[PDB]
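> coords please:
(3 chains)
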Amino acid sequence: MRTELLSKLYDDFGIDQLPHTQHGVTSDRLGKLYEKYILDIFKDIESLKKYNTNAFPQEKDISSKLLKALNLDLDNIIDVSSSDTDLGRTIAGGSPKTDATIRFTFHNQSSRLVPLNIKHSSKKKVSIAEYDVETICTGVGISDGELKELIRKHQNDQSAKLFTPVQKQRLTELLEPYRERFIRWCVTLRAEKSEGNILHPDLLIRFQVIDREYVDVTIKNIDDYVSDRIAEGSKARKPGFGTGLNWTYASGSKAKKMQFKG
DNA sequence: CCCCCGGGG
DNA sequence: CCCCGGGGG
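Residues are numbered from 1 along each chain as shown, chains lettered A, B, ... in the order given. Let me share the structure:
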């Protein structure tokens, strides 16, 4: 629904002045618009308490989902602030996946930095990242060998079509031990658990947007997201060789490079 | 040219 | 799962 706040933002981002033939710019504006949405909802304590009441059904849904994903109670929160994250530096794997942060201050004067990753999409799964096989292996903790070569095969072919059923099963098998580290690294840029580090996202916010309009929002903390993907990857088909991620290629440049949807 | 944000069939 | 595109640095 185009609530008071969302209307204000669609107007601010001039989303309606964009011709329904300008998909490119419309996607950038939306992506930026929906980051603002989260930022505004958590702009400060006044905003948070305001948007968490039943007077704002939608914002309340969003904020509840966020707080629930962090297992925080609105009553324990004394102050809040939010901002766009822009560190200006890369790390092992490239730029940090943190798009913005939210800082909660509780009663005892302690606080919680919550780096976020926010995307918008009309689909269930969307691109989460692209990497060269070497970076991935380095980040996940996979050394030269059978596993790396099978992955590099995927990279060069830009899919698994040239693989044999034996090789697909084989890849799924060798990867089984690295599943979680793999998933967590793809989306956070770190194989192990993290919390409050502005360099690695704690929550993954996915806005389901169809025909330019808000539909719903999903907010997962990393542990849950990983579980979901692990489960999804345990099915008979074994999506993403067990990772629950969609392996494909980055059409981005000339060098063969892998892309992961999740 | 490369990376990040996306999608269709 | 396989095949791709727009925008901006």
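> residues in the stretch 1-150 of chain A within reach of DNA strand C, list them.
Taking C-beta under 7 Å from any atom of the strand as the criterion, the stretch 1-150 of chain A approaches DNA strand C at residues A:22, A:23, A:24, A:25, A:27, A:28, A:127. Placement of C-beta: from N, CA and C, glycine included.
> Compute the number of surrounding residues for the second one.
The one in question is residue A:23. Using other C-beta atoms under 10 Å, residue A:23 has 10 neighbouring residues.
> same question, the fourth one
If you count neighbours by other C-beta under 10 Å, residue A:25 ends up with 11.
> Please apply the same query to the last one.
Residues within reach of residue A:127, counting by other C-beta under 10 Å, total 14.
> Just name the closest of the residues of the stretch 1-150 of chain A next to DNA strand C to DNA strand B, please.
Of all those, DNA strand B sits closest to residue A:127, with 3.4 Å by C-beta to the nearest atom of the strand.
> List the contacts of the closest residue to the closest one other than its chain neighbours.
Closest residue to residue A:127 apart from its sequence neighbours, by C-beta to C-beta, 6 or more residues apart in numbering: residue A:261 at 5.5 Å. The contact partners of residue A:261, by C-beta atoms under 8 Å, 6 or more residues apart in numbering, come to A:125, A:126, A:127, A:128, A:245, A:246, A:248.
> Hmm, the second one is touching residue A:118, no?
The reference is to residue A:126. No: here residue A:126 does not reach residue A:118: they are 11.4 Å apart, not a contact under C-beta atoms under 8 Å.
> Give me the common contacts of the two.
By C-beta under 8 Å, 6+ apart, residue A:126 and residue A:118 have these common neighbours: residue A:206.
> ok, residue A:18 - contacts?
Taking C-beta under 8 Å, 6+ apart as the test, what residue A:18 contacts is A:25, A:26, A:29.
> Comparing residue A:126 and residue A:118, which shows the higher neighbour count?
Looking at residue A:126 and residue A:118 with other C-beta under 10 Å, you find the greater number of neighbours at residue A:118, namely 23 against 13.
> Across the sheet, point out what pairs with the more buried one.
Assessed by DSSP bridges, residue A:118 has beta-bridge partners residue A:205.
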